[PDB]
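Chemist: Hey, dropping coords26.pdb in here, PDB, C-alpha atoms and all ligand atoms:
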ATOM      1  CA  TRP F   1       0.000   0.000   0.000
ATOM      2  CA  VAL F   2       1.218   3.526  -0.901
ATOM      3  CA  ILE F   3       0.152   7.199  -0.835
ATOM      4  CA  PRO F   4      -0.750   7.656  -4.562
TER       5      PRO F   4
ATOM      6  CA  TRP H   1       7.442  -0.947 -22.990
ATOM      7  CA  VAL H   2       9.939  -3.023 -20.947
ATOM      8  CA  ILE H   3      11.627  -6.453 -20.821
ATOM      9  CA  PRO H   4       9.530  -8.081 -18.017
TER      10      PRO H   4
ATOM     11  CA  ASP E   6       9.035 -16.465 -23.370
ATOM     12  CA  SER E   7      10.621 -13.459 -25.227
ATOM     13  CA  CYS E   8       7.601 -11.065 -24.682
ATOM     14  CA  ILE E   9       7.807  -7.270 -24.129
ATOM     15  CA  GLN E  10       5.428  -5.768 -21.547
ATOM     16  CA  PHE E  11       3.450  -2.489 -21.519
ATOM     17  CA  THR E  12       3.863  -1.210 -17.925
ATOM     18  CA  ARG E  13       0.588   0.844 -17.820
ATOM     19  CA  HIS E  14      -1.643  -1.784 -19.531
ATOM     20  CA  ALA E  15      -3.270  -3.278 -16.382
ATOM     21  CA  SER E  16      -3.988   0.236 -14.953
ATOM     22  CA  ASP E  17      -5.467   1.455 -18.310
ATOM     23  CA  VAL E  18      -7.711  -1.669 -18.478
ATOM     24  CA  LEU E  19      -8.996  -1.003 -14.950
ATOM     25  CA  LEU E  20      -9.537   2.731 -15.707
ATOM     26  CA  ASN E  21     -11.687   1.726 -18.731
ATOM     27  CA  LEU E  22     -13.600  -0.892 -16.679
ATOM     28  CA  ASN E  23     -14.386   1.877 -14.162
ATOM     29  CA  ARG E  24     -15.526   4.225 -17.023
ATOM     30  CA  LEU E  25     -17.854   1.445 -18.284
ATOM     31  CA  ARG E  26     -19.241   1.008 -14.730
ATOM     32  CA  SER E  27     -19.859   4.801 -14.349
ATOM     33  CA  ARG E  28     -21.827   4.813 -17.664
ATOM     34  CA  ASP E  29     -23.650   1.552 -16.763
ATOM     35  CA  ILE E  30     -22.200  -0.168 -19.867
ATOM     36  CA  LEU E  31     -22.493  -3.998 -19.971
ATOM     37  CA  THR E  32     -23.013  -4.154 -16.184
ATOM     38  CA  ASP E  33     -24.658  -7.555 -15.543
ATOM     39  CA  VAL E  34     -25.530  -7.653 -11.838
ATOM     40  CA  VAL E  35     -26.977  -5.444  -9.121
ATOM     41  CA  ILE E  36     -25.605  -5.938  -5.563
ATOM     42  CA  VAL E  37     -28.292  -5.074  -2.996
ATOM     43  CA  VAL E  38     -27.015  -3.875   0.411
ATOM     44  CA  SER E  39     -30.080  -3.203   2.559
ATOM     45  CA  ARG E  40     -31.759  -0.100   1.007
ATOM     46  CA  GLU E  41     -28.953   0.503  -1.523
ATOM     47  CA  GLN E  42     -28.215  -0.946  -4.973
ATOM     48  CA  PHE E  43     -24.876  -1.080  -6.799
ATOM     49  CA  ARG E  44     -24.524  -2.035 -10.492
ATOM     50  CA  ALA E  45     -21.315  -3.845 -11.469
ATOM     51  CA  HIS E  46     -19.618  -6.340 -13.790
ATOM     52  CA  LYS E  47     -19.574  -9.959 -12.401
ATOM     53  CA  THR E  48     -16.054 -10.556 -13.799
ATOM     54  CA  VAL E  49     -14.572  -7.559 -11.916
ATOM     55  CA  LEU E  50     -16.295  -8.588  -8.659
ATOM     56  CA  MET E  51     -14.954 -12.191  -9.009
ATOM     57  CA  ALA E  52     -11.449 -10.857  -9.855
ATOM     58  CA  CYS E  53     -11.407  -8.812  -6.552
ATOM     59  CA  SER E  54     -13.384 -10.848  -4.010
ATOM     60  CA  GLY E  55     -13.252 -14.455  -2.764
ATOM     61  CA  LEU E  56     -16.975 -14.233  -1.936
ATOM     62  CA  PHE E  57     -17.989 -13.059  -5.460
ATOM     63  CA  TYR E  58     -15.560 -15.590  -7.040
ATOM     64  CA  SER E  59     -17.431 -18.354  -5.106
ATOM     65  CA  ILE E  60     -20.932 -16.920  -5.942
ATOM     66  CA  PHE E  61     -20.484 -16.464  -9.679
ATOM     67  CA  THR E  62     -18.676 -19.827 -10.239
ATOM     68  CA  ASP E  63     -21.791 -21.516  -8.705
ATOM     69  CA  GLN E  64     -23.809 -23.279 -11.484
ATOM     70  CA  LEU E  65     -27.118 -21.616 -10.287
ATOM     71  CA  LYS E  66     -25.928 -18.252  -8.866
ATOM     72  CA  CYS E  67     -23.791 -17.438 -11.979
ATOM     73  CA  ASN E  68     -27.125 -16.704 -13.797
ATOM     74  CA  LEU E  69     -28.625 -14.357 -11.187
ATOM     75  CA  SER E  70     -28.935 -10.631 -12.044
ATOM     76  CA  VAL E  71     -29.523  -9.612  -8.372
ATOM     77  CA  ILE E  72     -27.385 -10.626  -5.329
ATOM     78  CA  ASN E  73     -28.551  -9.663  -1.844
ATOM     79  CA  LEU E  74     -25.810  -9.206   0.742
ATOM     80  CA  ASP E  75     -26.107 -10.048   4.468
ATOM     81  CA  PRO E  76     -28.220  -7.345   6.259
ATOM     82  CA  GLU E  77     -25.292  -6.630   8.648
ATOM     83  CA  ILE E  78     -23.244  -5.230   5.685
ATOM     84  CA  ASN E  79     -22.901  -1.451   5.691
ATOM     85  CA  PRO E  80     -23.737   0.179   2.266
ATOM     86  CA  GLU E  81     -21.015   2.879   2.660
ATOM     87  CA  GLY E  82     -18.465   0.138   3.491
ATOM     88  CA  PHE E  83     -19.587  -1.775   0.386
ATOM     89  CA  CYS E  84     -19.422   1.419  -1.773
ATOM     90  CA  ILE E  85     -15.808   2.162  -0.615
ATOM     91  CA  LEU E  86     -14.784  -1.436  -1.442
ATOM     92  CA  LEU E  87     -16.569  -1.472  -4.829
ATOM     93  CA  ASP E  88     -14.683   1.782  -5.700
ATOM     94  CA  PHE E  89     -11.422   0.107  -4.571
ATOM     95  CA  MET E  90     -12.142  -2.900  -6.837
ATOM     96  CA  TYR E  91     -12.458  -0.596  -9.897
ATOM     97  CA  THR E  92      -9.649   1.875  -9.049
ATOM     98  CA  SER E  93      -6.999   0.312  -6.624
ATOM     99  CA  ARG E  94      -7.802   3.346  -4.350
ATOM    100  CA  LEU E  95      -9.205   2.751  -0.822
ATOM    101  CA  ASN E  96     -10.899   5.672   0.945
ATOM    102  CA  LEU E  97      -9.913   4.528   4.459
ATOM    103  CA  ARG E  98     -10.903   6.975   7.257
ATOM    104  CA  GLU E  99     -11.239   6.861  11.066
ATOM    105  CA  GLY E 100     -15.041   7.124  10.632
ATOM    106  CA  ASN E 101     -15.362   4.196   8.212
ATOM    107  CA  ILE E 102     -12.455   1.800   9.048
ATOM    108  CA  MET E 103     -14.526  -0.607  11.207
ATOM    109  CA  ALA E 104     -17.255  -0.886   8.482
ATOM    110  CA  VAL E 105     -14.624  -1.224   5.701
ATOM    111  CA  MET E 106     -12.775  -4.017   7.575
ATOM    112  CA  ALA E 107     -15.983  -5.982   8.396
ATOM    113  CA  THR E 108     -17.138  -5.658   4.745
ATOM    114  CA  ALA E 109     -13.653  -6.706   3.410
ATOM    115  CA  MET E 110     -13.705  -9.785   5.746
ATOM    116  CA  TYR E 111     -17.184 -10.768   4.419
ATOM    117  CA  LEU E 112     -16.165 -10.137   0.779
ATOM    118  CA  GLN E 113     -12.872 -12.051   1.350
ATOM    119  CA  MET E 114     -10.531  -9.206   0.240
ATOM    120  CA  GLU E 115      -7.383 -10.184   2.250
ATOM    121  CA  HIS E 116      -5.145  -7.190   1.325
ATOM    122  CA  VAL E 117      -7.847  -4.689   2.442
ATOM    123  CA  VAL E 118      -8.369  -6.649   5.720
ATOM    124  CA  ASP E 119      -4.559  -6.517   6.238
ATOM    125  CA  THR E 120      -4.225  -2.695   5.831
ATOM    126  CA  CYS E 121      -7.319  -2.158   8.107
ATOM    127  CA  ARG E 122      -5.776  -4.342  10.853
ATOM    128  CA  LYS E 123      -2.474  -2.376  10.575
ATOM    129  CA  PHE E 124      -4.202   1.066  10.666
ATOM    130  CA  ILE E 125      -6.279  -0.065  13.712
ATOM    131  CA  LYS E 126      -3.207  -1.440  15.598
ATOM    132  CA  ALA E 127      -1.352   1.910  15.017
ATOM    133  CA  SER E 128      -4.221   3.852  16.751
ATOM    134  CA  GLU E 129      -4.304   1.642  19.919
TER     135      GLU E 129
ATOM    136  CA  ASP N   6      -8.938  12.652  -1.879
ATOM    137  CA  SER N   7      -7.015  11.016   1.056
ATOM    138  CA  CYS N   8      -7.072   7.420  -0.435
ATOM    139  CA  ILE N   9      -4.299   4.789  -0.071
ATOM    140  CA  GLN N  10      -3.522   2.661  -3.146
ATOM    141  CA  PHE N  11      -2.650  -1.050  -3.515
ATOM    142  CA  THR N  12       0.173  -1.066  -6.113
ATOM    143  CA  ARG N  13      -0.467  -4.648  -7.422
ATOM    144  CA  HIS N  14      -4.304  -4.387  -7.578
ATOM    145  CA  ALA N  15      -4.668  -3.671 -11.340
ATOM    146  CA  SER N  16      -2.197  -6.500 -12.229
ATOM    147  CA  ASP N  17      -3.983  -8.994  -9.877
ATOM    148  CA  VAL N  18      -7.377  -8.070 -11.443
ATOM    149  CA  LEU N  19      -5.995  -8.698 -14.942
ATOM    150  CA  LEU N  20      -4.359 -12.005 -13.847
ATOM    151  CA  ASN N  21      -7.777 -13.173 -12.537
ATOM    152  CA  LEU N  22      -9.560 -11.997 -15.725
ATOM    153  CA  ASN N  23      -7.059 -14.097 -17.715
ATOM    154  CA  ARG N  24      -7.689 -17.135 -15.399
ATOM    155  CA  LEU N  25     -11.458 -16.735 -16.013
ATOM    156  CA  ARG N  26     -10.815 -16.589 -19.796
ATOM    157  CA  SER N  27      -8.627 -19.769 -19.694
ATOM    158  CA  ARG N  28     -11.444 -21.648 -17.851
ATOM    159  CA  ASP N  29     -14.141 -20.151 -20.143
ATOM    160  CA  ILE N  30     -15.874 -18.541 -17.125
ATOM    161  CA  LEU N  31     -18.499 -15.850 -17.919
ATOM    162  CA  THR N  32     -17.043 -15.329 -21.418
ATOM    163  CA  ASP N  33     -19.848 -13.665 -23.429
ATOM    164  CA  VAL N  34     -18.608 -13.423 -27.020
ATOM    165  CA  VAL N  35     -16.759 -15.475 -29.614
ATOM    166  CA  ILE N  36     -14.484 -13.558 -32.049
ATOM    167  CA  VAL N  37     -14.300 -15.398 -35.386
ATOM    168  CA  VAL N  38     -11.096 -14.849 -37.416
ATOM    169  CA  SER N  39     -11.467 -16.861 -40.620
ATOM    170  CA  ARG N  40     -11.304 -20.556 -39.535
ATOM    171  CA  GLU N  41     -10.481 -19.742 -35.888
ATOM    172  CA  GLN N  42     -12.644 -18.850 -32.876
ATOM    173  CA  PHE N  43     -11.612 -17.011 -29.705
ATOM    174  CA  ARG N  44     -13.820 -16.780 -26.584
ATOM    175  CA  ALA N  45     -13.497 -13.591 -24.520
ATOM    176  CA  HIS N  46     -15.179 -11.090 -22.194
ATOM    177  CA  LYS N  47     -16.733  -8.060 -24.048
ATOM    178  CA  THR N  48     -15.670  -5.676 -21.240
ATOM    179  CA  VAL N  49     -11.970  -6.650 -21.529
ATOM    180  CA  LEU N  50     -12.048  -6.324 -25.339
ATOM    181  CA  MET N  51     -13.665  -2.829 -25.075
ATOM    182  CA  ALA N  52     -11.131  -1.805 -22.371
ATOM    183  CA  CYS N  53      -8.196  -2.688 -24.758
ATOM    184  CA  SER N  54      -9.410  -1.897 -28.282
ATOM    185  CA  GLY N  55     -10.973   1.151 -29.968
ATOM    186  CA  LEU N  56     -12.674  -1.188 -32.465
ATOM    187  CA  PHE N  57     -14.291  -3.389 -29.750
ATOM    188  CA  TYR N  58     -15.187  -0.260 -27.699
ATOM    189  CA  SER N  59     -17.093   1.031 -30.795
ATOM    190  CA  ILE N  60     -18.723  -2.406 -31.537
ATOM    191  CA  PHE N  61     -20.011  -3.190 -28.058
ATOM    192  CA  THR N  62     -21.300   0.376 -27.339
ATOM    193  CA  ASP N  63     -23.481  -0.002 -30.503
ATOM    194  CA  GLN N  64     -27.175  -0.468 -29.480
ATOM    195  CA  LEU N  65     -27.542  -3.565 -31.808
ATOM    196  CA  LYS N  66     -24.016  -5.089 -31.778
ATOM    197  CA  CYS N  67     -23.752  -4.966 -27.927
ATOM    198  CA  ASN N  68     -26.203  -7.958 -27.888
ATOM    199  CA  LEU N  69     -24.353 -10.168 -30.391
ATOM    200  CA  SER N  70     -22.630 -13.343 -29.099
ATOM    201  CA  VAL N  71     -20.536 -13.774 -32.307
ATOM    202  CA  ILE N  72     -18.378 -11.084 -34.030
ATOM    203  CA  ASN N  73     -16.760 -11.870 -37.375
ATOM    204  CA  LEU N  74     -13.542 -10.002 -38.128
ATOM    205  CA  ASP N  75     -12.410  -8.834 -41.597
ATOM    206  CA  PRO N  76     -11.111 -11.855 -43.638
ATOM    207  CA  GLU N  77      -7.715 -10.102 -44.082
ATOM    208  CA  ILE N  78      -7.065 -10.449 -40.289
ATOM    209  CA  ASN N  79      -4.490 -13.088 -39.397
ATOM    210  CA  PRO N  80      -5.664 -15.503 -36.590
ATOM    211  CA  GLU N  81      -2.135 -15.764 -35.062
ATOM    212  CA  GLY N  82      -1.900 -11.936 -35.036
ATOM    213  CA  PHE N  83      -5.308 -11.791 -33.324
ATOM    214  CA  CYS N  84      -4.274 -14.517 -30.796
ATOM    215  CA  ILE N  85      -1.055 -12.594 -29.853
ATOM    216  CA  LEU N  86      -3.097  -9.393 -29.339
ATOM    217  CA  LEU N  87      -5.869 -11.135 -27.354
ATOM    218  CA  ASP N  88      -3.123 -12.582 -25.057
ATOM    219  CA  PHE N  89      -1.645  -9.057 -24.728
ATOM    220  CA  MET N  90      -5.079  -7.671 -23.741
ATOM    221  CA  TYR N  91      -5.338 -10.200 -20.857
ATOM    222  CA  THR N  92      -1.677 -10.146 -19.715
ATOM    223  CA  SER N  93       0.142  -6.839 -20.766
ATOM    224  CA  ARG N  94       2.678  -9.197 -22.506
ATOM    225  CA  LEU N  95       3.199  -8.946 -26.305
ATOM    226  CA  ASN N  96       4.876 -11.873 -28.077
ATOM    227  CA  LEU N  97       6.490  -9.715 -30.791
ATOM    228  CA  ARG N  98       8.804 -11.645 -33.182
ATOM    229  CA  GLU N  99      10.409 -11.035 -36.601
ATOM    230  CA  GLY N 100       8.064 -13.698 -38.058
ATOM    231  CA  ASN N 101       4.842 -12.152 -36.727
ATOM    232  CA  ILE N 102       5.512  -8.360 -36.464
ATOM    233  CA  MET N 103       3.819  -7.422 -39.781
ATOM    234  CA  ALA N 104       0.652  -9.444 -38.870
ATOM    235  CA  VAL N 105       0.658  -8.077 -35.278
ATOM    236  CA  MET N 106       0.950  -4.448 -36.492
ATOM    237  CA  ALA N 107      -1.812  -4.814 -39.150
ATOM    238  CA  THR N 108      -4.109  -6.484 -36.560
ATOM    239  CA  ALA N 109      -3.319  -3.767 -33.911
ATOM    240  CA  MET N 110      -4.125  -1.024 -36.510
ATOM    241  CA  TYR N 111      -7.496  -2.714 -37.291
ATOM    242  CA  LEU N 112      -8.281  -3.254 -33.580
ATOM    243  CA  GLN N 113      -7.208   0.364 -32.808
ATOM    244  CA  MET N 114      -4.562  -0.535 -30.163
ATOM    245  CA  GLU N 115      -2.281   2.562 -30.503
ATOM    246  CA  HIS N 116       0.488   1.522 -28.037
ATOM    247  CA  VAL N 117       0.973  -1.844 -29.837
ATOM    248  CA  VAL N 118       1.048  -0.058 -33.252
ATOM    249  CA  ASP N 119       3.688   2.326 -31.786
ATOM    250  CA  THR N 120       6.081  -0.431 -30.539
ATOM    251  CA  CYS N 121       5.672  -2.336 -33.894
ATOM    252  CA  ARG N 122       6.592   0.809 -35.882
ATOM    253  CA  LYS N 123       9.679   1.337 -33.638
ATOM    254  CA  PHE N 124      10.835  -2.328 -33.906
ATOM    255  CA  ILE N 125      10.375  -2.187 -37.732
ATOM    256  CA  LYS N 126      12.301   1.139 -38.080
ATOM    257  CA  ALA N 127      15.231  -0.344 -36.027
ATOM    258  CA  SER N 128      15.570  -3.274 -38.539
ATOM    259  CA  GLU N 129      15.700  -1.045 -41.693
TER     260      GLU N 129
HETATM  261  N1  LIG F 201     -12.011 -14.224 -10.706
HETATM  262  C1  LIG F 201     -11.268 -14.834 -10.089
HETATM  263  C2  LIG F 201     -10.343 -15.657  -9.365
HETATM  264  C3  LIG F 201      -9.662 -16.715  -9.954
HETATM  265 CL1  LIG F 201     -10.064 -17.156 -11.555
HETATM  266  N2  LIG F 201      -8.706 -17.415  -9.372
HETATM  267  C4  LIG F 201      -8.401 -17.021  -8.138
HETATM  268  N3  LIG F 201      -8.959 -16.035  -7.430
HETATM  269  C5  LIG F 201      -9.952 -15.349  -8.042
HETATM  270  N4  LIG F 201     -10.505 -14.306  -7.375
HETATM  271  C6  LIG F 201     -10.459 -14.116  -6.005
HETATM  272  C7  LIG F 201     -10.460 -15.207  -5.129
HETATM  273  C8  LIG F 201     -10.095 -15.051  -3.802
HETATM  274  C9  LIG F 201      -9.717 -13.787  -3.366
HETATM  275  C10 LIG F 201      -9.669 -12.703  -4.237
HETATM  276  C11 LIG F 201     -10.022 -12.869  -5.568
HETATM  277  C12 LIG F 201      -9.083 -11.540  -3.496
HETATM  278  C13 LIG F 201      -8.883 -12.088  -2.099
HETATM  279  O1  LIG F 201      -8.438 -11.488  -1.133
HETATM  280  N5  LIG F 201      -9.276 -13.387  -2.106
HETATM  281  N1  LIG F 202     -13.998   0.223 -22.575
HETATM  282  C1  LIG F 202     -13.627   1.268 -22.849
HETATM  283  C2  LIG F 202     -13.226   2.609 -23.165
HETATM  284  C3  LIG F 202     -13.768   3.721 -22.533
HETATM  285 CL1  LIG F 202     -15.076   3.494 -21.459
HETATM  286  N2  LIG F 202     -13.341   4.961 -22.690
HETATM  287  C4  LIG F 202     -12.301   5.091 -23.510
HETATM  288  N3  LIG F 202     -11.672   4.134 -24.196
HETATM  289  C5  LIG F 202     -12.144   2.875 -24.036
HETATM  290  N4  LIG F 202     -11.496   1.869 -24.673
HETATM  291  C6  LIG F 202     -10.674   2.019 -25.775
HETATM  292  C7  LIG F 202     -10.924   3.011 -26.730
HETATM  293  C8  LIG F 202      -9.951   3.377 -27.645
HETATM  294  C9  LIG F 202      -8.717   2.743 -27.585
HETATM  295  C10 LIG F 202      -8.439   1.786 -26.614
HETATM  296  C11 LIG F 202      -9.413   1.434 -25.691
HETATM  297  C12 LIG F 202      -6.992   1.416 -26.729
HETATM  298  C13 LIG F 202      -6.525   2.224 -27.921
HETATM  299  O1  LIG F 202      -5.404   2.235 -28.405
HETATM  300  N5  LIG F 202      -7.579   2.959 -28.359
HETATM  301 CL    CL F 203     -32.187 -12.691 -10.494
HETATM  302 CL    CL F 204      -7.881  -6.932  -1.633
HETATM  303 CL    CL F 205     -25.119 -13.524 -32.415
HETATM  304 CL    CL F 206      -2.462  -0.955 -26.829
END
Please, can you express the file's structure as structure tokens?
Ligand SMILES: N#Cc1c(Cl)ncnc1Nc1ccc2c(c1)CC(=O)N2
Ligand SMILES: N#Cc1c(Cl)ncnc1Nc1ccc2c(c1)CC(=O)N2
Ligand SMILES: [Cl-]
Ligand SMILES: [Cl-]
Ligand SMILES: [Cl-]
Ligand SMILES: [Cl-]
Modeler:
Amino acid sequence: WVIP
Amino acid sequence: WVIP
Amino acid sequence: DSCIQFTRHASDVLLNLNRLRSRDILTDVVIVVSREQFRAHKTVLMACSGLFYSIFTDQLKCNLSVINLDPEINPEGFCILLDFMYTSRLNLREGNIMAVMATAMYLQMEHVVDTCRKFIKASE
Amino acid sequence: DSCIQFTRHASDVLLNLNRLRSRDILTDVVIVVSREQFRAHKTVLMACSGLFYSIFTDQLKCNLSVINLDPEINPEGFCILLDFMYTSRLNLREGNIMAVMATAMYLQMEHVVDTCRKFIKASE
């Protein structure tokens, strides 16, 4: 999971 | 396009 | 093999699947969550959810145009997860995390359940 | 928004769509290319091809279960492109490049046409  |  | 790969292909396919959903194009099922209804493509639902994969591979249920979810399922939680299925983006907030996690557990969406557990553990 | 994103989601969706195709699950159209037939999902075809997007948004053609391609279309070229649609992987070879490019032009798959043009220019 990432900060898009 | 890339070499996968 | 000796194939070449187009990096953005999978993302572009999903973006177009979401565009089709928004315009109600070739949607083939309505998911009923208490008083709310959500139109979708069976293939996308199966590709994202262990529960939908099970439902639509069933010899009788594969032909249904309406699927009613358990009355304990929160419509907002379902909406957030349906958006995630079609975009890879999860709108996870303090106010919805419990509903999102319970819905992801029911829908059998392991990666969503995992990030919810991690965000909850960080706040305790 | 304040969303989080699951990097591998789009790729995992496409991998599952390809698994459904291989098992002939919820495929809703057969593409006929001279003596050969290819089963697929209309939504995936539309999401990858300007030609299929046009065909299946047509008020009459959207309901067809069989689509016959132009007799000049090479089945191997079509097969390579259908595999690309479901995997992001293009099996581009000296022996098939001309057929792949002509098929990609017909199907309106701009990125494939672009890499074919580039590979051809490098060999001249
Ligand atoms: N459609 C399809 C499908 C196929 Cl074909 N093969 C394997 N899994 C499929 N989908 C599916 C099954 C289980 C789970 C998910 C998706 C996400 C998750 O957390 N559990
Ligand atoms: N399905 C869908 C779709 C939608 Cl909804 N919006 C926009 N394009 C869509 N698909 C589509 C249209 C044109 C082309 C491609 C795909 C690849 C390419 O080279 N040209
Ligand atoms: Cl029904
Ligand atoms: Cl997931
Ligand atoms: Cl027909
Ligand atoms: Cl393309």
Chemist: I'd like the contact shell of residue 3 of chain H - 10 Å cut-off, all atoms listed in the file, skipping same-chain residues fewer than 4 positions apart - returned as a list in words.
Modeler: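 The filter keeps residues 7, 8, 9, 10, 11 and 12 of chain E; 94 of chain N.
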Chemist: Please measure the separation of atom CA of residue 47 of chain E and atom CA of residue 4 of chain F, giving the value in Å to one decimal.
Modeler: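 Going from atom CA of residue 47 of chain E over to atom CA of residue 4 of chain F covers 26.9 Å.
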Chemist: 7 Å from ligand LIG 201 (chain F) is the threshold here; counting all atoms listed in the file, which polymer residues fall inside it? Answer as an MDAnalysis selection string.
Modeler: (chainID E and resid 48 51:55 58 113:116) or (chainID N and resid 21:22 24:25)
Chemist: I'd like the interatomic distance between atom CA of residue 81 of chain E and atom CA of residue 100 of chain E, to a tenth of an Å.
Modeler: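 Spanning atom CA of residue 81 of chain E to atom CA of residue 100 of chain E is a straight-line distance of 10.8 Å.
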Chemist: Counting all atoms listed in the file, a student should be able to say which residues of chain E come within 12 Å of chain F; what is the right answer, written as a PyMOL selection string?
Modeler: chain E and resi 92-97+116-117+119-121+123-124
Chemist: Please, which residues have at least one atom within 12 Å of an atom of ligand CL 203 (chain F), using only C-alpha atoms and all ligand atoms, listed as a PyMOL selection string?
Modeler: chain E and resi 33-37+65-73
Chemist: Select, from N:31, N:40, N:45, N:110, the residue with the minimum atom-to-atom distance to chain E, counting only C-alpha atoms.
Modeler: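 Smallest separation from chain E among the options: N:31.
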Chemist: Just the number, please: distance in Å from atom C7 of ligand LIG 202 (chain F) to atom CA of residue 56 of chain N, one decimal.
Modeler: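 Computed distance, atom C7 of ligand LIG 202 (chain F) to atom CA of residue 56 of chain N, equals 7.3 Å.
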Chemist: Padding of 3 Å on every side, edges along x, y and z, all listed atoms of ligand LIG 202 (chain F) included: what centre and edge lengths in Å, to one decimal, does that box have, as AutoDock Vina command-line options?
Modeler:
--center_x -10.2 --center_y 2.7 --center_z -24.9 --size_x 15.7 --size_y 10.9 --size_z 12.9
Chemist: Using all atoms listed in the file, which residues sit within 6 Å of residue 16 of chain E once same-chain residues fewer than 3 positions away are excluded, as a count of residues only?
Modeler: 3
Chemist: Restricting the calculation to all atoms listed in the file: of E:18, E:118, E:84, E:74, which residue gets closest to chain N?
Modeler: E:18
Chemist: Using only C-alpha atoms and all ligand atoms, pick whichever of E:42, E:27, E:101, E:32 has the shortest atom-to-atom distance to ligand LIG 202 (chain F).
Modeler: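 Of E:42, E:27, E:101, E:32, the one nearest ligand LIG 202 (chain F), counting only C-alpha atoms and all ligand atoms, is E:27.
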